[PDB]
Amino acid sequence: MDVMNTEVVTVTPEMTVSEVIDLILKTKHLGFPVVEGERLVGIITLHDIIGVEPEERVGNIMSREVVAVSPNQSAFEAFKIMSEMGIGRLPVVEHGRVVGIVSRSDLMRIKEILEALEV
């Protein structure tokens, strides 16, 4: 994984969507991996948040079957998974523990950077 953000904004299944809304306002992130400690359990994006009562807990609307990737895999292998399943953000897990995150944008930018490299 040459491309991933190791400072990951995560949530717990017992946090409320009112608190997740604050994280979107504070961090300007679309999705957040759901963790118990450092262990991935689910993922929640803006899709799954609108529109439920602010007291609703994350664990009831989060996606449990998370498409992730390992740090021992290439960034291009994640770009294939993101395109083959039309999935925005991919958590990066090692021993079931969230260590980073890579998403489409993160890899779409790599295309443009590689375009301009003939010096």
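Numbers for residues come from their place in the sequence shown, where the first is 1.
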Subject >> Selected stretch [higher average CA B-factor]: 57-65 or 27-35 >> reply: 57-65
Subject >> Higher-scoring stretch by recorded Cα B factor average, 107-115 or 5-13 >> reply: 107-115
**OP:** Taking the values exactly as deposited, rank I81 by C-alpha B-factor within its chain and report the matching third: lowest, middle or highest.
**Re:** highest
**OP:** Place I49 in the lowest, middle or highest third of its chain's C-alpha B-factors, as listed in the PDB entry.
**Re:** highest
Original post:
Split the chain's modelled residues into thirds by Cα B-factor; is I87 in the lowest, middle or highest one?
Top reply: highest
